[PDB]
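Engineer:
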Amino acid sequence: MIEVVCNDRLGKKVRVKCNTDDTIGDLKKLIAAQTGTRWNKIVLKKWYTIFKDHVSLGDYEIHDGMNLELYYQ
Amino acid sequence: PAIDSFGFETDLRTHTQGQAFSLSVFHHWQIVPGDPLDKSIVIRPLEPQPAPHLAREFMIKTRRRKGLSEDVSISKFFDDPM
Amino acid sequence: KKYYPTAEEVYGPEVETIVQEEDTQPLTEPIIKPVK
Amino acid sequence: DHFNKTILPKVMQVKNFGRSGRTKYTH
Amino acid sequence: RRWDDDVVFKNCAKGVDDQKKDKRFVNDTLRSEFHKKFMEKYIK
Amino acid sequence: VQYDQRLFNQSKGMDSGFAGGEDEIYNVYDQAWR
Amino acid sequence: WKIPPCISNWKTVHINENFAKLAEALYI
Amino acid sequence: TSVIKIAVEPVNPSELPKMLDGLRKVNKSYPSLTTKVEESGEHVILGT
Amino acid sequence: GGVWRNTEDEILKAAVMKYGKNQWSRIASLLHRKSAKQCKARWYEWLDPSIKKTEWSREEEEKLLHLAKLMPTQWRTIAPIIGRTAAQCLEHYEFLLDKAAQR
Amino acid sequence: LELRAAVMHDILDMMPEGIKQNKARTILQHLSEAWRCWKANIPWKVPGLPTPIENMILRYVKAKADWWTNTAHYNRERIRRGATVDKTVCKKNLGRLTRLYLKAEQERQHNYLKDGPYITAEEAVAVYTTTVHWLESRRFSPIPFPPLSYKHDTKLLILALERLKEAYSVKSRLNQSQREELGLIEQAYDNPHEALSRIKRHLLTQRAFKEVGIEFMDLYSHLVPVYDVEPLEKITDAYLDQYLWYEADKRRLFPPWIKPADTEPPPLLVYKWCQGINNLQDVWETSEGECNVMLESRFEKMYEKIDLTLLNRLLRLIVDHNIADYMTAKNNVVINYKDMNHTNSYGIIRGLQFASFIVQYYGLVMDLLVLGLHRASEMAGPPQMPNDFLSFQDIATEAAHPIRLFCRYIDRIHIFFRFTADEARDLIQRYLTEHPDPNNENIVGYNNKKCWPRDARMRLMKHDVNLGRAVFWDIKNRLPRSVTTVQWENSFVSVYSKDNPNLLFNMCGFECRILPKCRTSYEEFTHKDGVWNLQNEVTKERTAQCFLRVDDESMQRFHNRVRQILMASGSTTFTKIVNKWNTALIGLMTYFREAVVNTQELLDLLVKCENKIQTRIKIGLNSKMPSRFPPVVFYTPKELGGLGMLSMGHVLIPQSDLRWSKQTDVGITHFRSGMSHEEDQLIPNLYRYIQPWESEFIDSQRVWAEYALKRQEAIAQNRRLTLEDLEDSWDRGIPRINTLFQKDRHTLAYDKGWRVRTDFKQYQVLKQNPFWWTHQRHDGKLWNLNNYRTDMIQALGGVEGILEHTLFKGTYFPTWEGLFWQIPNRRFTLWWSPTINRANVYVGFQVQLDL
RNA sequence: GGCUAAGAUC
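Protein chains in written order, with the deposited numbering: chain A, 1 to 73; chain B, 876 to 957; chain C, 63 to 98; chain D, 367 to 393; chain E, 186 to 229; chain F, 405 to 438; chain G, 245 to 255, 277 to 293; chain H, 585 to 632; chain I, 8 to 110; chain J, 683 to 1503, 1528 to 1557.
Here is the structure:
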């Protein structure tokens, strides 16, 4: 279980623990549970690389502590 | 016994949920068990026993002052045989 | 050992020259009012 | 948390120069 | 008794040879008790 | 005694080893790894 | 009230009888 | 009878007559307080 | 090295007059023959203008003979005690006085 | 600036006699030259001036001297620890105290010539008669004159020149004084007879010396001076010190009462002293009213209050008249500072090369006054059969002896004074009659150790504390105050009686705690396997136990040494910062092999310092405060491209840093090392791969006994001892056995006093060399850490696991073999580029460089 | 033109 820290700008930085084989759609539901927004309106980004909605976390090699820059759509 | 009655009023109020109160008055004396002239009683330096060798431990603890110091078996110096 | 002139003859024998170093009322007596 | 944190010598809560809180939660 | 026979110096009985200590202040900062201790403790 | 000559004179010397307070010589690991 | 300049940087008996008494006793 | 006995000694040993003068004044206030100086030099105080 | 010759004494006297007496690096930057420690020794022993380089009279010989028993070593300490302050001729005067009294 | 502006405000107001061409900046320049003349402690005032103008200038100078001396003492009080931060205040505090140390020595040397603080000339004739009687009783022959055709002078000149060359010239040294120093050493090495003829003419004729430069070392705890000498006089003084120590080894003029010598300087000062205290005649038994008192104190005055007249008279009794005049005149030449020029002939210069023979001269002189003439004859024994360092002639000699043992350091002194029942009551009665204490003031001030001072310190009883004052008062009154005094602030006299079963003593390296099992000892914690089982020489059983905790002065010295390496970050390379700590840790862990495992405060300093240096080295790479830096980038050895830090602490490698991957033909075979049962530590501590001194001395007794048995078997059967016969007898033993089989074995044996000369070598060198334990020439290499690099690579994940975190896969090398070569910082940061730049090492980041 | 460790300085 990796602890992905969705640390966006302006104070919004939360920890999101997800499974390795868990999909990215399950990660946005856990990231919205600590941030306070709709999970359908959250777009994760890492230098203009907008992630998909169907690719598992084990495919991106997102290890523990690999922080993400959260953005809102 | 007054040798072990220290904090007995504080312990009676603590265990009884604060609903008790005791007072200590003076009472006549009674002989403690054991004998101070008795030997072969190795007293422990810390955490003593409720064994009846308490008189040997009480005589050694009374040696903080002068007079009856350690090795208190020198009473034959005042009671030499003849 | 050392070698230095005494202060008793310089300042005179009449004026009792005292030399106080430390250790007197560590911020308690002029700090608060004394216990009357 | 994958370590056992008992073989470690005295305590290692946070080694990042920010230990404001001084607690172990036994008292 | 008879425990110090080959002792050359018998007894000094004088630490500073004038008093028990200095007990006298001076305006000279180098020749005072402060610079004497700072040159003896911190220096070697 | 008269020991064998292969044991004696196997290495040089006449030095203190830890030469001064120069803490940049890497005196540990006297033999190489591989 | 004269003020002379000052530029010098790069910009009683000296004996005692106890020293002779200690040397003569060591010589004797 | 004051069966309880507690010894009392000052922290700094240079303040020996200061504790000796206080034990004399405390003996005048409380009647049963009989400050008996022991033979070993320890100032004892008998209490109830 | 640095025996304080005639050419070295003129450069040391020029540096003590122009550059300074308390500047061993300035005298080293104008001679290039001896070290700065040798230039400070030449300015105190050989090229010192206040050095009494003569007059080994009987008053100085008796003072050197009295200081020899009082201090056999420490010729640097006995040189201002005799007043000559040479620190090299004091050993030379002690050698000449011992050679005269050798008989 | 405020003192300068108020000086111009006062000079323009305090009587300028009106507008009559008043002062200017030249008057302030006159105050500036007056302060600079006082700064070098010179007597140059500002003469030729008006009296109120000079009085106003001297008033501001005396007030500025009060400000500068108070600013110097305030920084020196915060120099021990203070702030643990010093960029340029360290050079200023050392330079300000160098002016105060030179000025105080200049006033003391001027007072010695003007006034008469002599050596108590009436008693000084007794001290010259005591050494004359002790030498006649020992019948020791005096040191001969140096021969003009000595065959042993060739080996003596080669040994002294090898010590001078290895100390000064090591690597990257270039100076105006180091050029002539290395040039004279090469000129002497190419012509030994020319240097021997010059050294003979320098001793027998030249009875003077040139100027010497005094410079204080950069020790934050206590500064120690370093006396730089002339290069020509240094080679002449080294031949005098080598010839005196070679003659003292043959004539036995140095008794074993003072043993800093090169036998075994860590163990025999501690373990042979503890075995000597245990093997005495009924030492641990004190039920019959007996009492023991171990007095450990330093003289602290046999370096500056030395009498040159008494040292010259003792040198004529010890050596020839030609060598005596040269040795005394070398210590009275000059004391030249950076700007000052102080006089001399007030004490002994311990920075010169001939200071080892002068220290042993006062060592036998002060021990004869402290013990006694008839006392030392019963201690050492007759010259026909001399004793050992802690032995005696018979059991009756140590029985009627009040002082059972007397071990003397170069500065400290140890004495295990044994007292009977009547002897202790007689000594306390003389101490109370001469120094009473009715208000119990005798137990007011008394030093005690920090080895758990609740049940293991000195029991402050009535008779025990009275015997602590009495044993020190008889030793203090035995020595005069002019030769060598003994203060109470540096002393520690732990008594032993029925009330105090624990015994404490601060040895030469650390503090020791002796506590026998039969005498109802202390709590006996034993935090590791560092409790020495001291056995009796008669019973050969468990006589007494010995605890070995590290000292507080050595822990503060290591905390200052780790602070100097931590403050040196940024101004050096990353590999130089790691190599500085590895040499500082190997010098501390080897010398404290049993002590570092049995001290909880010492291990807490190591875990704090190693985490600080890994914090310090990580900031030099990037300054974003990383979350979890990889431990493989630090603990990798220098062969595999790493910093090579000795991990003396539990720094466990995480499970996400031991995975290898390679795709040759089929697919990416993700390899992984299986050690996830309990924990996967990166590297063990150095205490696990270093033999303790109790196990080293026990194995060395079996090593030389098997060596003497095999050599006797080789001499009887007439066989040559081969390398196969000395395979298992090669490990170590007492001294490295390979040191006896060196190529320079014939030359190294003719240079006695290896440990004593190395102690004053750090006192004379500029840098604080951590070679106080031993040297690789005579003793040999003991800390063999070759099995540590094999275990560090195997625990980190092998050579393939260490290279997987590196950039080895991008370098395109088909085989991992030998391929090594701001510039070294650039190659180290680029080598560990996938390890030092990832998502886990730096969390919030999306920075792209370019296209 | 001042204070900084003859400011260290071949």
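From the three backbone atoms N, C-alpha and C, an ideal C-beta is built for every residue, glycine too.
Would you mind sorting J:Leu-843 into buried or exposed? The rule is 16 or more other CB atoms within 10 Å of its CB.
Structural biologist: Along the tenth sequence, one-based indexing puts residue 843 of chain J at 161. Per the 10 Å Cβ criterion, buried.
Engineer: With a floor of 4 residues, list each alpha helix (DSSP H) that falls wholly inside the segment 906-956 of chain J, ordered by position along the chain.
Structural biologist: Fully enclosed alpha helix (DSSP H) runs of 4 or longer: 913-933.
Engineer: Within its chain, find whatever has a CB closer than 7 Å to the CB of J:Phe-1074; leave out the 5 residues flanking it on each side and keep chain order.
Structural biologist: Along the tenth sequence, one-based indexing puts residue 1074 of chain J at 392. Around J:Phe-1074: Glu-1080.
Engineer: Of all the CB atoms in chain G, is at least one closer than 8 Å to the CB of residue 1643 of chain J?
Structural biologist: The structure shown does not extend to residue 1643 of chain J, since chain J spans only 683 to 1557, so no value can be given for it.
Engineer: Taking only beta carbons into account, state which residues of the segment 73-97 of chain C come closer than 8 Å to chain E, listed in chain order.
Structural biologist: Residues passing the 8 Å Cβ filter: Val-81, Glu-83.
Engineer: Going along the segment 1356-1387 of chain J in order, which residues come within less than 8 Å of chain D, judged by CB to CB distance?
Structural biologist: Listed by position, the residues of the segment 1356-1387 of chain J near chain D (Cβ gap below 8 Å) are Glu-1360, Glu-1361.
Engineer: In three-state terms, what does DSSP make of A:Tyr-60?
Structural biologist: Within the first sequence, numbered from 1, the residue matching residue 60 of chain A stands at position 60. Note: A:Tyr-60 maps to coil in three-state DSSP.
Engineer: Name the one or two DSSP bridge partners that A:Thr-23 has.
Structural biologist: Along the first sequence, one-based indexing puts residue 23 of chain A at 23. Per DSSP, A:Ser-56.
Engineer: The alpha helix (DSSP H) with J:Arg-762 in it runs from where to where?
Structural biologist: By 1-based counting over the tenth sequence, the position of residue 762 of chain J is 80. Run containing J:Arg-762: none; DSSP gives neither H nor E here.
Engineer: With a CB to CB cut of under 7 Å and the five nearest residues on each side skipped, what residues in its chain are close to J:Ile-1092?
Structural biologist: For this step, residue 1092 of chain J is matched to residue 410 along the tenth sequence. Excluding positions up to five away in sequence, the list reads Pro-942, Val-1041, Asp-1441.
Engineer: For J:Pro-1198, list the residues DSSP reports as bridge partners.
Structural biologist: Counting from one through the tenth sequence, the residue named residue 1198 of chain J turns up at place 516. Answer is J:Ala-1226.
Engineer: Would you give the residue range spanned by the beta strand (DSSP E) that H:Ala-591 belongs to?
Structural biologist: Taking the first residue of the eighth sequence as position 1, residue 591 of chain H is located at position 7. Taken as a continuous stretch (DSSP letters only), the beta strand (DSSP E) holding H:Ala-591 covers 588-592.
Engineer: Mind reading off the beta-carbon distance from residue 359 of chain F to J:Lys-847? Whole number of angstroms is fine, and I expect it under 8 Å.
Structural biologist: The first residue shown for chain F is 405 and the last is 438, placing residue 359 of chain F beyond what the model contains.
Engineer: Determine whether the Cβ of residue 570 of chain H lies closer than 8 Å to any Cβ atom of chain B.
Structural biologist: What the structure shows of chain H is the stretch from 585 to 632, and residue 570 of chain H is not part of that stretch, so it cannot be assessed.
Engineer: Our contact map puts J:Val-1549 next to A:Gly-65 with C-beta atoms below 8 Å; I'd like the distance itself, whole angstroms only.
Structural biologist: Along the tenth sequence, one-based indexing puts residue 1549 of chain J at 843. Along the first sequence, one-based indexing puts residue 65 of chain A at 65. Between A:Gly-65 and J:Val-1549 the Cβ distance is about 6 Å, and since that is below 8 Å, they are a contact.
Engineer: Verify the CB distance criterion: does H:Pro-597 have a CB-CB separation below 8 Å to chain J?
Structural biologist: On the eighth sequence, position 13 is the one that residue 597 of chain H refers to. Yes, H:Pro-597 counts as interfacial toward chain J.
Engineer: Short check: CB of J:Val-1015 to CB of J:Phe-891, under 8 Å?
Structural biologist: Numbered from 1 along the tenth sequence, position 333 holds the residue referred to as residue 1015 of chain J. Numbered from 1 along the tenth sequence, position 209 holds the residue referred to as residue 891 of chain J. Taking 8 Å as the Cβ cut-off, J:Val-1015 and J:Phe-891 qualify as a contacting pair.
Engineer: In the DSSP output, what is A:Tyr-71 paired with across the bridge?
Structural biologist: For this step, residue 71 of chain A is matched to residue 71 along the first sequence. Bridge partners of A:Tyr-71: A:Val-43.
Engineer: Whose C-beta lies closer than 8 Å to the C-beta of J:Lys-916 among residues of the same chain, with five residues either side of it excluded?
Structural biologist: Locating residue 916 of chain J in the tenth sequence gives position 234, where the first residue counts as 1. If we look at J:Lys-916 and ignore the five residues flanking it on each side, its Cβ neighbours are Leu-846, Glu-863, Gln-1035.
Engineer: I'd like to know if the segment 1195-1205 of chain J and the segment 1216-1228 of chain J are in contact, where contact means that at least 3 CB-CB pairs between them fall below 8 Å.
Structural biologist: In short, these stretches touch, since the Cβ pair count reaches three.
Engineer: Under a CB-based cut-off of 8 Å, is G:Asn-283 close to chain I?
Structural biologist: The sequence position of residue 283 of chain G within the seventh sequence is 18, counting from 1. So, not an interface residue.
Engineer: Please list, in chain order, the chain J residues whose beta carbon lies closer than 7 Å to that of H:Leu-600.
Structural biologist: Position 16 of the eighth sequence, counting from 1, holds the residue named residue 600 of chain H. Those within 7 Å of H:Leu-600 in chain J are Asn-1121.
Engineer: How would you write the range of the beta strand (DSSP E) that A:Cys-18 sits in, first residue to last?
Structural biologist: To locate residue 18 of chain A, count along the first sequence from 1; it is residue 18. Taken as a continuous stretch (DSSP letters only), the beta strand (DSSP E) holding A:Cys-18 covers 13-18.
Engineer: Considering only the beta carbon of each residue, do J:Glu-978 and J:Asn-1129 sit closer than 8 Å?
Structural biologist: In the tenth sequence, residue 978 of chain J corresponds to position 296, counting from 1. In the tenth sequence, residue 1129 of chain J corresponds to position 447, counting from 1. No.
Engineer: Contact criterion: CB-CB distance below 8 Å. Does J:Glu-1321 meet it with respect to chain F?
Structural biologist: For the purposes of this step, residue 1321 of chain J is identified with residue 639 of the tenth sequence, where counting begins at 1. Chain F contact via Cβ: present.
Engineer: Is J:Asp-797 close to chain G, meaning its C-beta is less than 8 Å from at least one C-beta of that chain?
Structural biologist: Here residue 797 of chain J is taken as the residue at index 115 of the tenth sequence, counted from 1. By this cut-off, J:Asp-797 is an interface position.
Engineer: Please list the residues of the segment 924-952 of chain B that have a C-beta atom closer than 7 Å to any C-beta atom in chain H, keeping them in chain order.
Structural biologist: If the cut-off is 7 Å between Cβ atoms, the segment 924-952 of chain B has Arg-939, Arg-940, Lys-941, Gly-942 near chain H.
Engineer: Taking Cβ positions only, does J:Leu-1055 come closer than 8 Å to chain E?
Structural biologist: Here residue 1055 of chain J corresponds to residue number 373 of the tenth sequence, with the count starting at 1. So, interface residue.
Engineer: Using DSSP's beta-bridge definition, name the partner residues of J:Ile-1097.
Structural biologist: For this step, residue 1097 of chain J is matched to residue 415 along the tenth sequence. Its beta-bridge partners are J:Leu-977, J:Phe-1088.
Engineer: Can you tell which of J:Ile-701, J:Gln-703, J:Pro-732, J:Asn-723 has the C-alpha that lies nearest to the C-alpha of J:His-712?
Structural biologist: To locate residue 712 of chain J, count along the tenth sequence from 1; it is residue 30. Among J:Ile-701, J:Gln-703, J:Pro-732, J:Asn-723, the Cα nearest to that of J:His-712 belongs to J:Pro-732.
Engineer: Can you tell which of J:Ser-1358, J:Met-1357, J:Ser-1343 has the C-alpha that lies nearest to the C-alpha of J:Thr-1351?
Structural biologist: Walking along the tenth sequence from the start, residue 1351 of chain J turns up at place 669. Of J:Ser-1358, J:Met-1357, J:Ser-1343, the residue nearest in Cα terms is J:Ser-1343.
Engineer: Against J:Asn-1026, what residues of chain I qualify as contacts under a CB-to-CB distance less than 8 Å, listed in chain order?
Structural biologist: On the tenth sequence, position 344 is the one that residue 1026 of chain J refers to. The contacting residues are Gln-81, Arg-83, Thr-84.
Engineer: Counting C-beta neighbours from all protein chains within 10 Å, is the total for J:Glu-929 16 or more, i.e. buried, or is it exposed?
Structural biologist: Reading the tenth sequence from its first residue, position 247 is the one you call residue 929 of chain J. By the neighbour-count rule (16 or more Cβ atoms within 10 Å), J:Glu-929 is buried.
Engineer: Can you name the residues that DSSP bridges to J:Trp-1342?
Structural biologist: Residue numbering aside, residue 1342 of chain J sits at position 660 when the tenth sequence is read from its first letter. In the DSSP output, where bridge partners are listed per residue, J:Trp-1342 has J:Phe-1353.
Engineer: For J:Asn-1121, does the three-state DSSP call read helix, strand or coil?
Structural biologist: Your numbering for residue 1121 of chain J matches position 439 in the tenth sequence. If DSSP states are grouped into helix, strand and coil, J:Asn-1121 belongs with coil.
Engineer: Under 7 Å between beta-carbons, which chain I residues line up against G:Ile-280? List them in chain order, please.
Structural biologist: On the seventh sequence, position 15 is the one that residue 280 of chain G refers to. Per Cβ cutoff of 7 Å: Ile-88.
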